[PDB]
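The data block below is target_23.cif; it holds mmCIF, C-alpha atoms and all ligand atoms; chains and numbers go by the auth columns.
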```
data_entry
#
loop_
_atom_site.group_PDB
_atom_site.id
_atom_site.type_symbol
_atom_site.label_atom_id
_atom_site.label_comp_id
_atom_site.label_asym_id
_atom_site.label_seq_id
_atom_site.Cartn_x
_atom_site.Cartn_y
_atom_site.Cartn_z
_atom_site.B_iso_or_equiv
_atom_site.auth_seq_id
_atom_site.auth_asym_id
ATOM 1 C CA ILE A 1 72.871 17.206 58.231 0.00 511 A
ATOM 2 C CA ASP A 2 69.153 16.329 57.965 0.00 512 A
ATOM 3 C CA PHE A 3 67.897 15.606 54.438 0.00 513 A
ATOM 4 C CA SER A 4 64.285 15.734 53.229 0.00 514 A
ATOM 5 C CA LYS A 5 62.050 13.194 51.453 0.00 515 A
ATOM 6 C CA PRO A 6 63.348 12.288 47.964 0.00 516 A
ATOM 7 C CA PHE A 7 62.014 14.822 45.460 0.00 517 A
ATOM 8 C CA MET A 8 63.632 12.858 42.589 0.00 518 A
ATOM 9 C CA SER A 9 64.920 9.310 42.002 0.00 519 A
ATOM 10 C CA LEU A 10 68.512 8.971 40.782 0.00 520 A
ATOM 11 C CA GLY A 11 70.813 5.998 40.218 0.00 521 A
ATOM 12 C CA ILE A 12 74.344 5.213 39.055 0.00 522 A
ATOM 13 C CA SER A 13 74.678 4.688 35.304 0.00 523 A
ATOM 14 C CA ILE A 14 77.552 4.033 32.910 0.00 524 A
ATOM 15 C CA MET A 15 77.861 6.704 30.228 0.00 525 A
ATOM 16 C CA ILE A 16 79.952 5.998 27.117 0.00 526 A
ATOM 17 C CA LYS A 17 80.682 7.487 23.707 0.00 527 A
ATOM 18 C CA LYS A 18 77.827 7.145 21.226 0.00 528 A
ATOM 19 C CA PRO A 19 78.766 4.636 18.484 0.00 529 A
ATOM 20 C CA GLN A 20 77.372 6.673 15.585 0.00 530 A
ATOM 21 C CA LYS A 21 75.591 4.495 13.022 0.00 531 A
ATOM 22 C CA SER A 22 75.020 5.424 9.387 0.00 532 A
ATOM 23 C CA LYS A 23 71.518 6.586 8.486 0.00 533 A
ATOM 24 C CA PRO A 24 70.194 4.742 5.396 0.00 534 A
ATOM 25 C CA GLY A 25 69.514 7.226 2.615 0.00 535 A
ATOM 26 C CA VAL A 26 67.254 7.015 -0.405 0.00 536 A
ATOM 27 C CA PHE A 27 69.547 4.600 -2.285 0.00 537 A
ATOM 28 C CA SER A 28 69.760 2.095 0.561 0.00 538 A
ATOM 29 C CA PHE A 29 68.514 -0.865 -1.496 0.00 539 A
ATOM 30 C CA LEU A 30 72.088 -1.084 -2.845 0.00 540 A
ATOM 31 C CA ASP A 31 73.547 -1.815 0.606 0.00 541 A
ATOM 32 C CA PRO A 32 73.597 -5.666 0.347 0.00 542 A
ATOM 33 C CA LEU A 33 76.119 -5.534 -2.524 0.00 543 A
ATOM 34 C CA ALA A 34 79.253 -3.416 -2.249 0.00 544 A
ATOM 35 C CA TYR A 35 79.677 -0.757 -4.919 0.00 545 A
ATOM 36 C CA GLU A 36 82.522 -2.789 -6.442 0.00 546 A
ATOM 37 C CA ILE A 37 80.102 -5.619 -7.248 0.00 547 A
ATOM 38 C CA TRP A 38 77.659 -3.199 -8.891 0.00 548 A
ATOM 39 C CA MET A 39 80.547 -1.771 -10.917 0.00 549 A
ATOM 40 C CA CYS A 40 81.595 -5.238 -12.101 0.00 550 A
ATOM 41 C CA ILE A 41 78.010 -6.281 -12.886 0.00 551 A
ATOM 42 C CA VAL A 42 77.789 -3.377 -15.340 0.00 552 A
ATOM 43 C CA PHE A 43 81.114 -4.388 -16.898 0.00 553 A
ATOM 44 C CA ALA A 44 79.945 -8.005 -17.085 0.00 554 A
ATOM 45 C CA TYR A 45 76.673 -6.852 -18.660 0.00 555 A
ATOM 46 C CA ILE A 46 78.587 -4.916 -21.323 0.00 556 A
ATOM 47 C CA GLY A 47 81.024 -7.770 -21.918 0.00 557 A
ATOM 48 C CA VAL A 48 78.404 -10.522 -22.155 0.00 558 A
ATOM 49 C CA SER A 49 76.242 -8.572 -24.607 0.00 559 A
ATOM 50 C CA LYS B 1 76.924 -7.616 12.614 0.00 805 B
ATOM 51 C CA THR B 2 75.059 -7.568 9.290 0.00 806 B
ATOM 52 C CA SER B 3 77.918 -7.253 6.801 0.00 807 B
ATOM 53 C CA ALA B 4 77.551 -6.400 3.119 0.00 808 B
ATOM 54 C CA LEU B 5 78.824 -8.706 0.392 0.00 809 B
ATOM 55 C CA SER B 6 82.284 -7.990 -1.019 0.00 810 B
ATOM 56 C CA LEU B 7 83.637 -8.710 -4.490 0.00 811 B
ATOM 57 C CA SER B 8 85.999 -11.254 -2.918 0.00 812 B
ATOM 58 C CA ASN B 9 83.007 -13.295 -1.726 0.00 813 B
ATOM 59 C CA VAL B 10 81.626 -13.437 -5.295 0.00 814 B
ATOM 60 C CA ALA B 11 84.692 -13.211 -7.565 0.00 815 B
ATOM 61 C CA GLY B 12 84.408 -16.954 -8.180 0.00 816 B
ATOM 62 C CA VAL B 13 81.258 -16.517 -10.256 0.00 817 B
ATOM 63 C CA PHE B 14 83.037 -13.745 -12.170 0.00 818 B
ATOM 64 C CA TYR B 15 85.853 -16.052 -13.298 0.00 819 B
ATOM 65 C CA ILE B 16 83.437 -18.681 -14.619 0.00 820 B
ATOM 66 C CA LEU B 17 81.518 -16.011 -16.543 0.00 821 B
ATOM 67 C CA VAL B 18 84.643 -14.656 -18.250 0.00 822 B
ATOM 68 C CA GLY B 19 85.780 -18.225 -18.863 0.00 823 B
ATOM 69 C CA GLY B 20 82.462 -18.990 -20.530 0.00 824 B
ATOM 70 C CA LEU B 21 82.674 -15.941 -22.793 0.00 825 B
ATOM 71 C CA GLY B 22 86.184 -16.906 -23.876 0.00 826 B
ATOM 72 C CA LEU B 23 85.105 -20.493 -24.517 0.00 827 B
ATOM 73 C CA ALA B 24 82.059 -19.336 -26.492 0.00 828 B
ATOM 74 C CA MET B 25 84.218 -17.138 -28.729 0.00 829 B
ATOM 75 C CA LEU B 26 86.602 -20.061 -29.227 0.00 830 B
ATOM 76 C CA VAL B 27 83.711 -22.333 -30.245 0.00 831 B
ATOM 77 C CA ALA B 28 82.377 -19.772 -32.730 0.00 832 B
ATOM 78 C CA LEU B 29 85.805 -19.158 -34.274 0.00 833 B
ATOM 79 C CA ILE B 30 86.538 -22.885 -34.627 0.00 834 B
ATOM 80 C CA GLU B 31 83.322 -23.338 -36.605 0.00 835 B
ATOM 81 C CA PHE B 32 84.379 -20.299 -38.663 0.00 836 B
ATOM 82 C CA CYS B 33 87.814 -21.792 -39.477 0.00 837 B
ATOM 83 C CA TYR B 34 86.156 -25.080 -40.517 0.00 838 B
ATOM 84 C CA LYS B 35 83.656 -23.471 -42.886 0.00 839 B
ATOM 85 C CA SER B 36 86.222 -21.019 -44.275 0.00 840 B
ATOM 86 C CA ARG B 37 88.684 -23.803 -45.108 0.00 841 B
ATOM 87 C CA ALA B 38 85.929 -25.977 -46.592 0.00 842 B
ATOM 88 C CA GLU B 39 84.646 -23.126 -48.775 0.00 843 B
ATOM 89 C CA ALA B 40 88.114 -22.708 -50.308 0.00 844 B
ATOM 90 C CA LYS B 41 88.064 -26.313 -51.539 0.00 845 B
ATOM 91 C CA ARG B 42 84.564 -25.850 -52.979 0.00 846 B
HETATM 92 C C1 LIG C . 82.299 -22.752 -18.745 0.00 901 A
HETATM 93 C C2 LIG C . 83.768 -22.462 -18.552 0.00 901 A
HETATM 94 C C3 LIG C . 84.188 -22.414 -17.106 0.00 901 A
HETATM 95 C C4 LIG C . 85.597 -21.927 -16.870 0.00 901 A
HETATM 96 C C5 LIG C . 85.935 -21.713 -15.416 0.00 901 A
HETATM 97 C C6 LIG C . 87.318 -21.166 -15.165 0.00 901 A
HETATM 98 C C7 LIG C . 87.607 -20.875 -13.714 0.00 901 A
HETATM 99 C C8 LIG C . 89.055 -20.588 -13.408 0.00 901 A
HETATM 100 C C9 LIG C . 89.305 -20.135 -11.991 0.00 901 A
HETATM 101 C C10 LIG C . 90.713 -20.370 -11.503 0.00 901 A
HETATM 102 C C11 LIG C . 90.993 -19.808 -10.131 0.00 901 A
HETATM 103 C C12 LIG C . 92.335 -20.199 -9.563 0.00 901 A
HETATM 104 C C13 LIG C . 92.444 -21.650 -9.168 0.00 901 A
HETATM 105 C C14 LIG C . 91.615 -22.032 -7.955 0.00 901 A
HETATM 106 C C15 LIG C . 91.369 -23.506 -7.868 0.00 901 A
HETATM 107 C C16 LIG C . 90.776 -23.974 -6.550 0.00 901 A
HETATM 108 O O1 LIG C . 90.598 -23.130 -5.651 0.00 901 A
HETATM 109 O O2 LIG C . 90.492 -25.182 -6.428 0.00 901 A
HETATM 110 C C1 LIG C . 93.332 -13.936 -26.532 0.00 902 A
HETATM 111 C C2 LIG C . 93.223 -13.200 -27.845 0.00 902 A
HETATM 112 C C3 LIG C . 92.962 -14.102 -29.022 0.00 902 A
HETATM 113 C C4 LIG C . 92.900 -13.387 -30.350 0.00 902 A
HETATM 114 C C5 LIG C . 92.533 -14.272 -31.513 0.00 902 A
HETATM 115 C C6 LIG C . 92.706 -13.625 -32.865 0.00 902 A
HETATM 116 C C7 LIG C . 92.261 -14.484 -34.021 0.00 902 A
HETATM 117 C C8 LIG C . 90.768 -14.511 -34.228 0.00 902 A
HETATM 118 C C9 LIG C . 90.332 -15.154 -35.521 0.00 902 A
HETATM 119 C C10 LIG C . 90.800 -14.436 -36.761 0.00 902 A
HETATM 120 C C11 LIG C . 90.525 -15.180 -38.044 0.00 902 A
HETATM 121 C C12 LIG C . 91.103 -16.572 -38.085 0.00 902 A
HETATM 122 C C13 LIG C . 90.628 -17.407 -39.249 0.00 902 A
HETATM 123 C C14 LIG C . 90.969 -16.828 -40.610 0.00 902 A
HETATM 124 C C15 LIG C . 90.514 -17.703 -41.735 0.00 902 A
HETATM 125 C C16 LIG C . 91.077 -19.113 -41.705 0.00 902 A
HETATM 126 O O1 LIG C . 92.316 -19.254 -41.738 0.00 902 A
HETATM 127 O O2 LIG C . 90.276 -20.067 -41.648 0.00 902 A
HETATM 128 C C1 LIG C . 90.138 -20.942 -35.899 0.00 903 A
HETATM 129 O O1 LIG C . 90.371 -22.054 -35.492 0.00 903 A
HETATM 130 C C2 LIG C . 90.483 -19.693 -35.140 0.00 903 A
HETATM 131 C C3 LIG C . 91.114 -19.972 -33.813 0.00 903 A
HETATM 132 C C4 LIG C . 91.306 -18.726 -32.959 0.00 903 A
HETATM 133 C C5 LIG C . 91.808 -19.014 -31.567 0.00 903 A
HETATM 134 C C6 LIG C . 91.898 -17.802 -30.675 0.00 903 A
HETATM 135 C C7 LIG C . 90.569 -17.344 -30.129 0.00 903 A
HETATM 136 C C8 LIG C . 90.567 -17.023 -28.656 0.00 903 A
HETATM 137 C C9 LIG C . 89.214 -16.634 -28.117 0.00 903 A
HETATM 138 C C10 LIG C . 89.122 -16.624 -26.612 0.00 903 A
HETATM 139 C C11 LIG C . 89.840 -15.476 -25.951 0.00 903 A
HETATM 140 C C12 LIG C . 89.522 -15.317 -24.486 0.00 903 A
HETATM 141 C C13 LIG C . 90.230 -14.167 -23.817 0.00 903 A
HETATM 142 C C14 LIG C . 89.982 -14.070 -22.333 0.00 903 A
HETATM 143 C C15 LIG C . 90.799 -13.015 -21.637 0.00 903 A
HETATM 144 C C16 LIG C . 92.286 -13.249 -21.758 0.00 903 A
#
```
Spit out the file's structure as structure tokens when you get a sec.
Ligand SMILES: CCCCCCCCCCCCCCCC(=O)O
Ligand SMILES: CCCCCCCCCCCCCCCC(=O)O
Ligand SMILES: *C(=O)CCCCCCCCCCCCCCC
Amino acid sequence: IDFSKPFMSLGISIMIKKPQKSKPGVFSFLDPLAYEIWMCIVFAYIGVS
Amino acid sequence: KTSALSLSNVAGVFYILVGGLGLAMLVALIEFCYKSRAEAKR
């Protein structure tokens, strides 16, 4: 056959599954410490006082 | 990646804290037992 001038530029590419990442909510300043540390801090605060 | 802290990585500071509270109560009670016994004599 006899093609015609490229009307669009393609190129091989490697598709994969999107590794979904959590979207920080409003209470995202608590991320550095796991919720089990926050729970124990409250218990420690009650116990110390 | 950027991992969050776990209670395992910090439980060491929790055992010293509880140890300090127990020691503090022991110190207070010992001074209580000393004064209480002394008051009985007087
Ligand atoms: C001011 C009082 C301090 C009391 C601190 C008590 C701490 C006890 C922790 C014991 C944990 C188990 C033994 C681990 C010993 C080690 O890893 O070297
Ligand atoms: C780990 C748990 C320990 C519980 C300790 C219970 C005892 C606390 C102190 C009670 C009063 C002791 C002193 C009474 C008067 C005295 O004999 O001088
Ligand atoms: C007068 O001498 C009274 C002595 C009383 C000794 C008992 C007091 C113990 C206080 C510390 C308890 C710490 C408990 C920690 C968790 C098991």
For ligand LIG 902 (chain A), list the contacting residues at 12 Å or closer, counting all atoms listed in the file, as a short mmCIF file (atom, residue, chain, number, x, y, z; two decimals) with C-alpha atoms, in the coordinates of the input.
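Below is the file that was written, result-v5.cif:
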```
data_model
loop_
_atom_site.label_atom_id
_atom_site.label_comp_id
_atom_site.auth_asym_id
_atom_site.auth_seq_id
_atom_site.Cartn_x
_atom_site.Cartn_y
_atom_site.Cartn_z
CA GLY B 823 85.78 -18.23 -18.86
CA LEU B 825 82.67 -15.94 -22.79
CA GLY B 826 86.18 -16.91 -23.88
CA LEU B 827 85.10 -20.49 -24.52
CA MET B 829 84.22 -17.14 -28.73
CA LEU B 830 86.60 -20.06 -29.23
CA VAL B 831 83.71 -22.33 -30.24
CA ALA B 832 82.38 -19.77 -32.73
CA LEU B 833 85.80 -19.16 -34.27
CA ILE B 834 86.54 -22.88 -34.63
CA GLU B 835 83.32 -23.34 -36.60
CA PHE B 836 84.38 -20.30 -38.66
CA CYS B 837 87.81 -21.79 -39.48
CA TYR B 838 86.16 -25.08 -40.52
CA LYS B 839 83.66 -23.47 -42.89
CA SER B 840 86.22 -21.02 -44.28
CA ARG B 841 88.68 -23.80 -45.11
CA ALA B 842 85.93 -25.98 -46.59
CA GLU B 843 84.65 -23.13 -48.78
CA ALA B 844 88.11 -22.71 -50.31
CA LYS B 845 88.06 -26.31 -51.54
#
```
If the PyMOL selection byres ((chain B) within 6 of (chain A and not hetatm)) is run on the structure shown, which residues does it catch, given as a ChimeraX atom specification? /B:808-811
Could you list, as a ChimeraX atom specification, all the residues within 7 Å of ligand LIG 901 (chain A), counting all atoms listed in the file? /B:816,819-821,823-824,827
Can you tell me, as AutoDock Vina command-line options, the centre and edge lengths (Å, one decimal) of the axis-aligned box enclosing all of ligand LIG 903 (chain A)'s listed atoms after padding each side by 8 Å?
```
--center_x 90.7 --center_y -17.5 --center_z -28.8 --size_x 19.2 --size_y 25.0 --size_z 30.3
```
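One distance worth recording is that between CA of residue 556 in chain A and CA of residue 813 in chain B, which is 21.8 Å.
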Just how far from CA of residue 828 in chain B is atom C7 of ligand LIG 903 (chain A), in Å to one decimal?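 So the two atoms, atom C7 of ligand LIG 903 (chain A) and CA of residue 828 in chain B, lie 9.5 Å apart.
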Using CA of residue 818 in chain B and CA of residue 555 in chain A as the two end points, give the distance in Å to one decimal. 11.4 Å
